[PDB]
Amino acid sequence: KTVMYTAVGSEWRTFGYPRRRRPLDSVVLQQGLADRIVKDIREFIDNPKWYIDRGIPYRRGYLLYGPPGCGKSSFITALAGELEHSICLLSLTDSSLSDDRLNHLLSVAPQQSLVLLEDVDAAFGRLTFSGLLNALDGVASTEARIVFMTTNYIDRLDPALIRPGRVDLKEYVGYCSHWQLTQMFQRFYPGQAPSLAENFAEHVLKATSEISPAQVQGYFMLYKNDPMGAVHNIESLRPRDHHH
Amino acid sequence: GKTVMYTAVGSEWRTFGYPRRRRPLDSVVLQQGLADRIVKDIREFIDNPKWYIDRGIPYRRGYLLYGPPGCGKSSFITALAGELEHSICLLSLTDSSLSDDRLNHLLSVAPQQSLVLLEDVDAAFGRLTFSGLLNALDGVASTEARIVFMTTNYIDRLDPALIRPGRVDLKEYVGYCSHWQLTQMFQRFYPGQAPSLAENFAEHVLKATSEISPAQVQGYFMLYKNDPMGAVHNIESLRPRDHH
Amino acid sequence: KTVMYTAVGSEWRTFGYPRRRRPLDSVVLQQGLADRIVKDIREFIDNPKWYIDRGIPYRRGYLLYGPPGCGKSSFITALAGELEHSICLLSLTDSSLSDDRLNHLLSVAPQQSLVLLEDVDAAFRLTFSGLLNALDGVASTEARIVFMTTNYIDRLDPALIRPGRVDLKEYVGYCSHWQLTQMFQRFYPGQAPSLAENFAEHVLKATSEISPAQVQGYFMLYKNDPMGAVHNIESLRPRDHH
Amino acid sequence: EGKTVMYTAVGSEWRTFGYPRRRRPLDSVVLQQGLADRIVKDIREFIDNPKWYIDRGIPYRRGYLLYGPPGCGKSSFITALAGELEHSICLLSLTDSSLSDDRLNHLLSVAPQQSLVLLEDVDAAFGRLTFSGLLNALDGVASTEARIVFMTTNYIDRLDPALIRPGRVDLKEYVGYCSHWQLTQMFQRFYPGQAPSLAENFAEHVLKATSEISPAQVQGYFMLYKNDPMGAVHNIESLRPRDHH
Amino acid sequence: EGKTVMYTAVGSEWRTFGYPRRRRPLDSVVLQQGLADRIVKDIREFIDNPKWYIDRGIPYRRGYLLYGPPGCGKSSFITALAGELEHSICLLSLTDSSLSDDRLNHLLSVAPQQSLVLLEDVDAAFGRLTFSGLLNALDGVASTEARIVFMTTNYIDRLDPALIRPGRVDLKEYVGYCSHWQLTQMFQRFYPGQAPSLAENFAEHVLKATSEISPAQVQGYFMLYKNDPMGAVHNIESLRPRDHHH
Amino acid sequence: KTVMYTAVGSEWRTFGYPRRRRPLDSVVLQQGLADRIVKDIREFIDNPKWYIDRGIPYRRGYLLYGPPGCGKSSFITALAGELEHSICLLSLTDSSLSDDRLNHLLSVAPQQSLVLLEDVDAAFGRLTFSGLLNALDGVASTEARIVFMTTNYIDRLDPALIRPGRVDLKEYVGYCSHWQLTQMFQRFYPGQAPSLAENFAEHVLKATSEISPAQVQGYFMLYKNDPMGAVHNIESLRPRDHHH
Amino acid sequence: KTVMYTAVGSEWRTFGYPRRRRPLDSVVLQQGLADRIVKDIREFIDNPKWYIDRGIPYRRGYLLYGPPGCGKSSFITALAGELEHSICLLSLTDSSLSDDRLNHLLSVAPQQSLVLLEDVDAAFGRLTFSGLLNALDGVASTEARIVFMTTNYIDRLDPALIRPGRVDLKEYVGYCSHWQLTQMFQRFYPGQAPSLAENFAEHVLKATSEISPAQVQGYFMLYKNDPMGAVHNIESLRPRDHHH
Ligand SMILES: Nc1ncnc2c1ncn2[C@@H]1O[C@H](COP(=O)(O)OP(=O)(O)NP(=O)(O)O)[C@@H](O)[C@H]1O
Ligand SMILES: Nc1ncnc2c1ncn2[C@@H]1O[C@H](COP(=O)(O)OP(=O)(O)NP(=O)(O)O)[C@@H](O)[C@H]1O
Ligand SMILES: Nc1ncnc2c1ncn2[C@@H]1O[C@H](COP(=O)(O)OP(=O)(O)NP(=O)(O)O)[C@@H](O)[C@H]1O
Ligand SMILES: Nc1ncnc2c1ncn2[C@@H]1O[C@H](COP(=O)(O)OP(=O)(O)NP(=O)(O)O)[C@@H](O)[C@H]1O
Ligand SMILES: Nc1ncnc2c1ncn2[C@@H]1O[C@H](COP(=O)(O)OP(=O)(O)NP(=O)(O)O)[C@@H](O)[C@H]1O
Ligand SMILES: Nc1ncnc2c1ncn2[C@@H]1O[C@H](COP(=O)(O)OP(=O)(O)NP(=O)(O)O)[C@@H](O)[C@H]1O
Ligand SMILES: Nc1ncnc2c1ncn2[C@@H]1O[C@H](COP(=O)(O)OP(=O)(O)NP(=O)(O)O)[C@@H](O)[C@H]1O
Ligand SMILES: [Mg+2]
Ligand SMILES: [Mg+2]
Ligand SMILES: [Mg+2]
Ligand SMILES: [Mg+2]
Ligand SMILES: [Mg+2]
Ligand SMILES: [Mg+2]
Ligand SMILES: [Mg+2]
C-alpha cells in the first residue's frame with residue numbers, strides 16, 4: 001500500500017485509507033525518463049556514506065514541470081509505491097503554515113517518505129520566501145529527506161528556489177511522443193498486433209498538434225475493450241471549440 | 001424513492017431539510033440525444049470499477065454542464081441524481097470556513113452513491129486556493145468512487161487546468177431551445193394533442209425569437225394552463241420586450 | 001392581522017406586534033395591474049398538482065420595480081393581508097448572512113408567507129452564486145413565494161431575474177389619470193366624479209411626473225377639504241430646494 | 001414645570017442621557033416669519049389625527065427635514081419644539097460601529113412614546129448600516145406607527161431623493177441666514193422694553209454691513225453687549241466680515 | 001496656595017493625571033498687548049452670568065480657539081488661565097482608539113465642574129469619532145451646561161467653518177510671533193531691575209536681526225544668558241536664522 | 001554602573017544587567033562639542049530655581065543628528081554615565097504605545113534619567129503626531145525631565161517637533177575632523193609620538209572625502225597593538241564598491 | 001556536534017537533534033577567504049580585554065553576500081563547528097517578533113553561539129527598521145555577541161544596517177574561480193593526479209561563464225567514484241534552457 005500524510009499543526013497524520021499502489025508501468029513518460037529518475041533516486045537512497053564522508057547534506061530534491069495532464073502527480077504516486085515510500089502532502093498556501101511550522105514539519109517527516117510540494121509557483125504566522133529557501137536548504141535542514149516539487153509554470157519560479165541543493169533534478173513532463181502513444185495503446189489493449197498501436201500513433205500525431213496522456217486515457221475510456229473502435233474514431237481527437 | 005441533499009458543516013456532510021421528491025428525467029428536455037449520452041457515460045463509469053483498478057486508473061469521474069441561464073443544468077443534475085438513486089452533496093467553493101484541508105476531507109467522506117455538485121465554479125476564481133481545488137479534484141490524495149458535477153454560465157472564464165481530462169471527463173453545452181426541444185416540451189405540458197400542434201408551436205416560436213430558454217417556454221405555458229390553443233395563438237408575446 | 005418575521009441567525013422570529021392589514025383598495029396601482037398580480041398568485045397557490053404532474057418546482061417569484069413612492073412596499077403589505085400571508089423580511093446586505101444561512105432561512109420560512117427581498121440591486125458573507133442557487137437550485141424548497149423590489153431594474157444581472165427565479169416582473173410607475181381620480185375618490189369619498197376629474201386634469205397639466213406618495217402628501221395638507229385640494233394644485237408644480 | 005428627557009441608544013434599547021433638561025421656550029428660537037407656526041401646526045395636526053390615517057390605511061408616521069447653513073436654528077428649534085409638545089428626544093447616530101440594519105429597525109420600533117427621533121447630519125451616513133436598511137426602517141413593510149422622525153443637514157444636495165421622498169420626509173424646511181424680521185425679533189428678545197424703532201435701526205444697519213449673518217452670530221454679538229442695547233446699535237461695523245490672522 | 005489638577009479620559013470617565021501641578025502665573029505668559037486681558041474679561045463675564053443665559057433660554061456653554069505658529073503661548077496661556085480661574089483641565093484627545101461619538105458625549109457631560117476641556121491640535125482629528133459626532137457633542141440637543149472648551153491649532157485654515165461657528169467657538173484669538181512690546185516685556189521678566197532703555201535696545205536689535213521670532217526662541221536665548229542681561233543684549237546676531245548642517 | 005529601563009505597558013522596568021559606564025573620553029566628538037553639551041545639561045540640572053522663579057517648565061530636550069556611526073548613541077551612553085543618570089529606552093514605533101501610554105511613561109520616568117527617543121524621524125491604540133508634541137511640551141508635561149532625540153535625517157522632522165521648549169539644543173554629529181583622527185589614534189595607541197597621530201590624520205584625509213569614527217574604530221580593530229600597521233595600510237580606507 | 005536553537009516567544013529552544021559538524025575543509029571558498037574570517041573571529045573571541053580597556057562594545061557582526069549556491073549557509077555551519085559554537089536561527093520576517101522580543105532574544109542568546117540572520121534584505125507587535133538597528137548597535141545591545149547576516153542582494157541593504165559596529169566584516173561569496181574548481185575536484189576524487197583537477201578546471205571555465213560550487217557538487221554527484229567520467233562529460237555543464 002501507499003500511506004498519505006497531511007499536516008495537522010506541527011505534525012503529520014494519516015489521510016484516509018492506505019491506497020493501492022499505482023504500478024510504475026501504468027504511467028507512460030517519454031522514453032527513458034522514468035528509468036533516469038528511478039536510477040537517480042535509488043542512487044541517493046543507496047549512498048548515505050558517500051554524502052557523510054564528503055560532508056554534504058544528505059537530502060535530494062526533484063522538480064517535475066509541464067502542462068496539465070501529462071503524468072506529474074501520477075508518476076510521483078507510482079514512484080512512491082515502487083520505492084515503498086509514503087507521501088507527505090505539504091500545502092504551502094495555508095492559513096496555519098508559518099516559517100516555524102514548515103521547519104518543524106520538514107524535520108519530523110515520516111522516514112521512507114516523499115515530501116510533495118504541488119504547484120510551488122502558486123506560493124509566490126504566514127510563510128515567507130526566505131523561510132521556504134532556508135527550510136529546504138539551510139543551517140537547520142534535516143537529512144534523509146526527499147522533496148518533490150511540481151509546476152505548470154517553471155518560468156515563474158525564482159532561480160534560488162530550484163538551484164542545485166534545493167532541486168537536484170529538473171524534468172520536463174510533456175505532451176505525447178510517438179513512443180508514448182504506442183506504449184499507452186499496448187497497456188490499454190494488451191495482446192493486439194504492434195502494427196495496430198503504430199496505426200493509432202501515426203493517425204493521432206496527424207490529427208493533433210499536442211495531445212496529453214490524460215486526453216489519450218479519456219479517449220480509451222470511450223472504447224473500453226474496443227481497440228478497433230479506438231483506431232477508427234481518431235478524427236474525434238482533432239481539437240473542437242467550446243460552444244460560445 | 002426520494003433525493004437526499006447534503007451540505008458541509010465543518011469537515012462533515014449533514015442532510016439539508018427533507019428528502020426531496022425525485023424530478024423525473026423525462027420532465028427535463030435537453031437537446032436531442034444529450035441526456036441519453038450523459039446517462040450512458042455515468043452508468044458505464046458506475047458499472048466498471050474493475051476496468052479502472054486493473055489499469056491502475058483513479059476510479060473518479062467529473063462532468064461539466066455549461067451554458068446560458070434557464071436551459072436545464074441544475075434541473076438535469078437533480079433528475080439524473082433521482083434516476084441513479086444518488087444523493088447530492090452541495091459544495092460551495094466561496095465560503096468562509098472552507099480551507100484546502102477541509103475541501104480534501106469533505107471530498108474524502110462524501111456519502112456513497114452521491115454526486116458532488118460545484119455550481120458556478122467560474123465564481124471561485126483558512127480559505128480555498130486554486131491549487132488546493134485542482135489537487136483535491138485530481139491529485140495524490142484524491143479518493144475513489146467519486147463523481148463531481150460542475151456548472152458555469154461562462155466556460156471561457158475557466159482555467160484549462162481545472163477542467164482537463166481526469167478532473168472533467170465530459171463537458172456538455174446546455175443551450176437555448178432547438179426545434180426538437182420545443183415540440184418535446186409542448187407534448188409534455190399538453191399531453192394528448194396532435195403532434196402537428198406541437199410542430200405549429202415550434203415553427204412559430206423559432207420565427208418570433210432568435211433565442212428562447214426552456215425556462216421562458218415553461219413560464220409561457222404557465223400562462224396557458226390546460227389551454228394548448230392559447231399557447232399556439234399568443235406566441236407573438238415571446239418576441240423580446242424591454243423592461244419599463 | 002399581518003405577522004412580520006425577521007432573521008435571527010438561521011431562524012425566523014416575529015418582529016413587534018401583529019400589524020393591522022392594509023386594505024388592497026387603499027393601494028392604487030395602474031388600471032388592471034393589482035388584479036393581474038392577485039390572479040397570478042392565487043392561480044399559483046391553487047395549482048400545486050399542475051406543477052407536480054409536470055415535475056416543475058412548486059415556487060414562484062415576483063419583481064416589482066420603479067421609482068420611489070409608487071406602491072411597491074405598500075402593495076406587498078396589502079397583498080399579504082388579502083392572501084392571509086405573513087411576511088419574512090430577508091436583508092441580503094447583512095454581516096451574519098452567508099450562502100449557508102440564506103439556504104436554511106429560505107428552507108424554514110413560515111408557511112403561508114411572502115419572502116420579501118427589498119432593493120435586491122443593492123446586494124451586488126453572501127455571494128451572487130449563493131443567492132441564485134438559493135432562489136432556483138438543486139436544494140431550493142417548494143410552496144415558496146418570493147417578492148423582490150428595486151428602483152433600478154437595469155442594475156440587476158439577467159440570471160438573478162430569469163424565469164424560475166422571477167416569474168412575473170411588473171413596473172410600478174408615476175400616476176396615470178386613472179390613479180389620480182381613484183386616489184381623490186378614496187381620500188374624499190362622496191364627492192362628484194366630476195371633481196376627481198377636475199383634480200386629475202389639472203395635476204397632469206401642472207406636473208410631468210407625480211408619485212402616489214406625493215399625491216398622498218398633498219391630500220394630507222387638505223384633510224376633509226376637497227375644494228382646498230382642487231384649488232391649490234399649482235403648489236405641485238416642481239420647486240427647487242433652497 | 002415640565003422638562004425634556006434625552007435618550008441615546010445602548011445596543012438595541014434607549015436609555016436616559018444625563019439630567020432632564022430645562023425646556024427651551026419656542027419663542028427663544030426666532031425662525032423666518034411664519035416658519036415655526038407652519039411646523040407646529042403640521043405636527044399637532046399629525047398628533048391629533050390618528051383616525052384619519054387608520055381610516056385611509058396610511059402608515060401613521062411623519063418625517064421632517066430641517067436643512068441649511070450652520071448656526072441658523074435647526075438643533076435649537078427641534079429642542080424647543082420637543083419642549084412645546086412635551087415630547088422627549090431620541091438621539092440616533094447613523095455613523096456608529098454597533099449600529100446594524102437589524103438594530104436600527106429594533107431601535108425605531110421601541111422608541112419611547114411621545115418622542116422625536118432625531119437624525120442629525122443625515123448626509124454624513126452616506127455589522128454596519130446600509131442605505132437600503134435606513135430606507136426600509138424609515139418607510140418599509142416592518143416600520144412602526146405613532147413615530148415622528150426629524151432629520152437635519154447642512155447639505156440637502158448630498159441626500160439621495162429616495163431618502164427624503166414623501167412617506168420618509170413629509171415636510172422639508174430651509175432654515176437660513178437672518179431676514180430683516182429675524183433681526184428685529186432677536187433684538188426685542190435680547191433687549192426687552194426698548195422702542196421697536198431701535199430694533200429697526202439695528203436690523204437696517206446689520207443688513208448694510210453684512211451679505212449673510214446667522215442667528216448664532218447675532219446671539220454672539222448680543223453676548224458682547226449684555227444689558228447694553230445702545231452698545232449693540234453703535235458697534236454694528238464690527239459685524240462686517242474679518243479674515244482669520 | 002492653589003494647584004492645577006489635570007484629568008485624562010479612562011473609558012467614559014475622567015481620572016486625575018499625576019500630581020496637582022504648580023500654577024503658572026498669568027504674568028509669566030506674555031501675549032500681544034491687551035490679548036490676555038480681553039480673554040480673561042470674556043471668560044469671567046461668562047462664569048459670572050448664568051442667569052443672563054437661562055433667562056434668554058441660551059445654552060450656558062462657551063468655546064475658545066487659540067490659533068497660530070508653534071511656540072507662541074497657546075498651551076502655556078491656557079495652563080496659566082486655568083490657574084488664575086482656579087479651574088482644573090480635562091485633556092481630551094480626539095485622535096484615540098477607544099473614543100467613539102457615544103464616549104465623547106458622555107465625557108463632555110461628566111467633566112469635573114470648574115474645568116476647561118482642552119482639545120489641542122483639533123485640525124488633526126479630520127468604534128471611532130465622526131465629524132458630526134464632534135459637532136453635536138460641542139453644540140447639539142444633548143450638550144450639557146456650565147461647560148468651557150478650549151481648542152488650539154497651528155492651522156486654522158484646515159478647520160471646517162461648522163466646527164468653529166459661534167455657539168461651538170465664541171472667541172477665536174491669533175497667538176503670533178513677538179511684537180516690540182512682547183520683546184521688552186519678556187526682557188523685563190527674565191532680567192528684573194534693568195533700565196527700560198536696555199529692554200528697548202534688546203527689542204529694536206532683535207526686530208532688525210529677525211523677520212519672525214517666537215516667544216519660545218526668546219525664552220531659549222535668555223536660557224543661554226541666565227543672570228547676564230548684557231550678554232543677552234550683546235549676542236543678538238546669534239538669533240539671525242542659521243541652517244541645520246545638511 | 002548605568003541602568004537601562006524599557007517600557008512594559010505604562011511602567012518602566014530594568015533591562016538586563018547594570019552596564020559598565022563608557023568613559024566620556026572614549027567618545028571623540030568634534031572639538032568642544034562634548035564640553036558644550038555637558039556644560040548645558042549641568043547648567044539645567046543645577047538651576048531649577050531660575051526656572052521656577054520665571055514660571056518656565058523645568059524640562060530640557062536635546063537632538064543629536066547626523067550620519068550613521070559618528071557617536072550619537074555612544075555619546076548619550078557615556079553622558080548618562082558621567083552624570084550618574086540611568087537611560088529610559090522609549091521606542092515610538094511600537095504596537096502597544098498610545099498617546100495615553102506615552103503621557104504616563106514620560107510622567108513616571110525614574111528620576112536622574114535621560115529619556116532616549118532614537119530615530120525620531122521614523123515615527124512619522126497608536127501614537128499620533130499631536131500626542132507626541134503634547135507629551136513633550138503641553139499642559140500635562142512633567143518637570144525635572146530630560147529627553148534626548150536622535151536622527152540620521154533632520155530634514156524629515158517637522159519644525160513643531162523640535163522647536164525650543166521641545167528641543168532646546170540641536171547638535172550635528174559628523175564625519176571625522178583632523179582633530180578627531182589624531183585624538184582617536186592617541187586613544188587606540190597610547191604612548192606613541194603625537195607626530196605619528198599627525199601622519200595618520202593627514203594621510204586618512206587625503207585617501208577619503210568622508211570617514212566616520214565607526215570606520216576609524218573598525219580599521220584600528222585590524223591593527224590591535226600595531227600602530228605602524230595602522231599608519232602603513234591607510235590606502236585600504238579609500239572607498240571600494242561591493243562586488244554588487 | 002553543532003546545536004541549532006530557534007526562538008519560541010522571548011526564549012531560545014533546541015531545534016531537533018545535535019547535528020554532525022560539517023568539516024571547514026568540505027566548504028571551498030575563494031583562496032584565503034575562509035582563513036581571513038576564521039582569523040578575524042578568533043581574534044575577536046580572544047581579545048575582550050582590548051575592547052573593555054578602550055570602552056568599545058564587545059560585539060562583532062559579519063555579512064556574507066552573493067549569488068545562490070556559493071557557500072554562505074554551508075560556511076557558517078562549518079565555522080560554528082570549527083569554533084565549537086551553536087547557532088541561533090533568528091527569523092526577522094515573523095508575526096510574533098516585535099522590537100521588544102528581538103532585544104530580549106539577542107540579550108539571552110546561548111553563550112558560544114552565532115546569531116544567524118539569513119536573507120536580511122527580505123525584512124525591509126511587529127519589527128521596525130529602527131528596532132533592528134538599535135538591537136544590533138544601540139544603548140541596550142549586549143556584549144560577547146556574534147551576528148552573521150547573509151543576502152543575495154547587498155544593493156538592497158540600507159547602509160545604516162551594515163555600517164561598522166553593526167557589520168564589521170563584509171565578504172563576497174561568488175561563482176567558482178579556477179582554484180575552487182581544482183580544490184573541489186581533489187576533495188570529491190582524492191588521490192588523483194593534480195594534472196586531472198587542472199584538466200577539469202580549464203575545461204569547465206571554457207564551457208561556462210559562471211558556475212556555482214552547488215552546480216559542481218551536483219555534477220560530481222552524477223560521477224560518484226568516476227573522476228574520468230567527471231572530466232569527459234564537462235560539455236553537459238554548458239547552460240541549457242528549461243523546456244518552454
Ligand atoms: N504519463 C501518463 N501516463 C499514464 N496516464 C497518465 C499520464 N499522465 C496523465 N495520465 C492520466 O491522466 C490523469 C492525470 O494524470 P496526472 O499525473 O494527475 O497529471 P498532472 O501532470 O499531475 N496534471 P496537473 O496537476 O494538472 O499539472 C490521471 O488519471 C492519469 O492516469
Ligand atoms: N431543459 C429543460 N427542460 C425542462 N425544464 C427546463 C429546462 N431548462 C430549464 N427548465 C426549467 O426552467 C427552470 C430553471 O431550470 P434550471 O435547470 O434550474 O436552469 P439552469 O440551467 O441551472 N439555470 P442557471 O442556474 O440560471 O444557469 C426550472 O423551473 C426548470 O424546470
Ligand atoms: N400606489 C399607491 N397607492 C396609495 N398610496 C401609495 C401608493 N404608492 C405609495 N403610496 C403611499 O406613499 C407611501 C410610500 O408607499 P410605498 O409603497 O412604501 O412606496 P415604494 O414604491 O415602496 N417606495 P420606495 O421604497 O422608495 O421604492 C406610503 O405612505 C403609501 O401610503
Ligand atoms: N434661529 C435662531 N434663534 C435663536 N438662536 C439661534 C438661532 N439659530 C441659532 N441660534 C443660536 O446659535 C446656536 C446654534 O443654534 P443651533 O440651532 O444649534 O444651530 P444649527 O442650525 O443646528 N447649527 P448646525 O448644527 O451647525 O447646523 C445656539 O446657541 C442658538 O441659541
Ligand atoms: N507668549 C509666551 N510667553 C512666555 N513664554 C512663552 C510664550 N509662548 C511660548 N513660551 C514658552 O515657550 C514654550 C512653549 O510655550 P507653549 O505655550 O507650549 O507654545 P504653543 O504655542 O502651545 N506651541 P505649539 O503647541 O507647538 O503650537 C514654553 O516653555 C513657554 O514657557
Ligand atoms: N565619535 C566616536 N568616537 C568613538 N567611537 C565612536 C564614535 N562614533 C562611533 N563610534 C564607535 O562606532 C560604533 C557606533 O557608534 P554609535 O554612537 O552607536 O553611532 P551612531 O551615531 O549612534 N550611529 P547610527 O545609530 O547608525 O546613527 C561603536 O562601536 C562606537 O564605539
Ligand atoms: N563553496 C562551497 N563549497 C562546497 N560546497 C558548496 C559550496 N557552496 C555551496 N556548496 C554546496 O551546495 C549546496 C548549497 O550551499 P549553501 O552554502 O547552502 O549555499 P548558499 O550560498 O547559502 N545559497 P543560498 O541560500 O541559495 O543563497 C550545499 O549542498 C553545499 O554543500
Ligand atoms: Mg497534478
Ligand atoms: Mg442553475
Ligand atoms: Mg419601498
Ligand atoms: Mg445643529
Ligand atoms: Mg502647544
Ligand atoms: Mg545610533
Ligand atoms: Mg543559504
Side-chain angles (χ1 to χ4, degrees), chain B residues 1-9 12-30 35 38-39 42 46 63 65 70-92 106 110-120 147-151 174 188 214-215 218 222, chain C residues 10-12 44-45 47-61 88 99-113 115 129-146 163-165 167:
Chain B
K2 302 288 208 165
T3 297
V4 174
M5 308 299 170
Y6 293 88
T7 58
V9 172
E12 230 72 33
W13 295 106
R14 299 277 103 106
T15 59
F16 179 67
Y18 293 121
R20 314 298 217 267
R21 265 171 313 209
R22 312 232 238 236
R23 180 155 183 172
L25 206 51
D26 229 65
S27 75
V28 183
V29 178
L30 295 187
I38 295 163
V39 167
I42 198 162
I46 291 161
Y63 296 87
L65 303 188
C71 294
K73 297 184 300 299
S74 298
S75 62
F76 182 72
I77 294 163
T78 314
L80 180 57
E83 177 79 358
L84 302 175
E85 304 202 72
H86 274 52
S87 61
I88 304 171
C89 295
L90 279 307
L91 185 51
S92 194
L106 277 170
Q112 293 174 303
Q113 326 308 324
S114 73
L115 313 182
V116 186
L117 176 57
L118 309 195
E119 288 269 24
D120 298 314
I147 308 173
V148 169
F149 272 79
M150 294 180 205
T151 71
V174 175
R188 267 150 199 78
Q218 175 182 274
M222 283 163 174
Chain C
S10 261
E11 230 72 34
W12 293 105
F44 172 73
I45 291 162
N47 281 277
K49 174 196 163 43
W50 186 92
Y51 280 75
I52 294 154
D53 288 358
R54 264 148 278 244
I56 303 164
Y58 187 57
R59 288 198 279 284
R60 202 153 179 89
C88 295
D99 290 348
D100 199 77
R101 199 182 304 288
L102 171 57
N103 276 309
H104 184 261
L105 278 168
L106 287 185
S107 78
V108 298
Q111 290 147 298
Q112 325 309 323
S113 73
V115 186
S129 172
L131 178 61
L132 295 207
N133 282 281
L135 290 170
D136 193 35
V138 159
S140 300
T141 59
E142 292 198 304
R144 188 252 274 174
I145 308 172
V146 170
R165 287 195 183 103
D167 300 294

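We name chains A, B, ... by the order of the sequence lines, and we start the count at 1 in each one. The figures that follow rest on heavy atoms only: side chains count, while hydrogens, waters and symmetry mates do not.
- When side chains are defined from C-beta on, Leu80(B) counts as touching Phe149(B), because their heavy atoms get closer than 4.5 Å.
- The CD1 atom of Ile145(C) sits 7.0 Å away from atom OH of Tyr58(C), with the distance rounded to the nearest 0.5 Å.
- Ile42(B) places a side-chain heavy atom less than 4.5 Å from the side chain of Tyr63(B).
- The CZ atom of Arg165(C) sits 8.0 Å away from the CG atom of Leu131(C) when rounded to the nearest 0.5 Å.
- With sequence neighbours excluded, the residues that form a side-chain hydrogen bond (donor to acceptor under 3.5 Å, both in side chains) with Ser27(B) are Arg23(B).
- Taking the side-chain hydrogen bond (donor to acceptor under 3.5 Å, both in side chains) definition, one finds that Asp167(C) meets it with nothing, sequence neighbours left out.
- Within the 4.5 Å cutoff, side-chain heavy atoms of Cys89(B) are placed close to those of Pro111(B).
- To the nearest 0.5 Å, the span separating CG on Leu65(B) from OG on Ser74(B) amounts to 8.5 Å.
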Dump the intermediate steps for side chain to side chain contact (heavy atoms under 4.5 Å, CB included) on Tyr6(B) and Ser87(B), then the final yes or no. CA-CA 8 Å; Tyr6(B) 293 88; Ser87(B) 61; 3.5 Å; yes
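- Considering only residues two or more places apart in sequence or on other chains, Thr78(B) meets the side-chain hydrogen bond (donor to acceptor under 3.5 Å, both in side chains) condition with none of them.
- Take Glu12(B) and apply the side-chain contact (heavy atoms from CB on, under 4.5 Å) test, not counting sequence neighbours, and it matches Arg14(B), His105(B), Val109(B).
- With hydrogens and angles ignored, the 3.5 Å screen pairs a side-chain donor or acceptor of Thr151(B) with a backbone N or O of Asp120(B).
- Taking both residues in full, the closest heavy atoms of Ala79(B) and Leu25(B) are given as CB-CD1, 3.5 Å, listed atom of the first, atom of the second, then distance.
- Under the 4.5 Å side-chain criterion, counting only non-hydrogen atoms from C-beta, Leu105(C) is in contact with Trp12(C).
- Two residues are said to be in side-chain contact when any heavy atoms from C-beta on lie closer than 4.5 Å; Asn133(C) and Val138(C) fail this criterion.
- Applying the salt bridge (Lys or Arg N to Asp or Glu O under 4.0 Å) criterion to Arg60(C), with sequence neighbours excluded, gives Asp40(C).
- Nearest heavy atoms, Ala110(B) versus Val116(B): CB-CG2, 4.2 Å.
- The heavy-atom pair separating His86(B) from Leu84(B) by the smallest distance is ND1-O, 2.8 Å.
- Rounding to the nearest 0.5 Å gives a distance of 15.0 Å between CE of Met150(B) and NZ of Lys73(B).
- The side-chain contact (heavy atoms from CB on, under 4.5 Å) test applied to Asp99(C) returns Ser92(B), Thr94(B), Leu126(C), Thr127(C), not counting sequence neighbours.
- Within the structure, no pair that satisfies the salt bridge (charged side-chain N to carboxylate O under 4.0 Å, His left out) test touches residues 104-113 of chain C, not counting sequence neighbours.
- The two residues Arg59(C) and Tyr51(C) come nearest to each other via the heavy atoms O-CE2, 4.2 Å.
- Checked by atom type and distance alone, the side chain of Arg20(B) pairs as donor or acceptor with a backbone atom of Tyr18(B) at under 3.5 Å.
- Residues satisfying the side-chain contact (heavy atoms from CB on, under 4.5 Å) test with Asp26(B), not counting sequence neighbours, are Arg188(B).
- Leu102(C) places a side-chain heavy atom less than 4.5 Å from the side chain of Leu106(C).
- A search for salt bridge (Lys or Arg N to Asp or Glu O under 4.0 Å) contacts involving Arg101(C) returns nothing, not counting sequence neighbours.
- Remark: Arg144(C) pairs with no residue by the salt bridge (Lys or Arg N to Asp or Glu O under 4.0 Å) rule, at least two apart or across chains.
- In this view, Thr3(B) and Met5(B), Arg22(B), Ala81(B), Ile88(B) satisfy the side-chain contact (heavy atoms from CB on, under 4.5 Å) rule, not counting sequence neighbours.
- The two residues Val174(B) and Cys71(B) make their nearest non-hydrogen contact at CG1-O, 3.2 Å.
- By the salt bridge (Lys or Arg N to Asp or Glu O under 4.0 Å) test, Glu142(C) pairs with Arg21(B), sequence neighbours left out.
- Contact check for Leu135(C) versus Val146(C): side-chain heavy atoms found under the 4.5 Å cut-off.
- Side chains of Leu30(B) and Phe76(B) form a contact here, defined as non-hydrogen atoms less than 4.5 Å apart.
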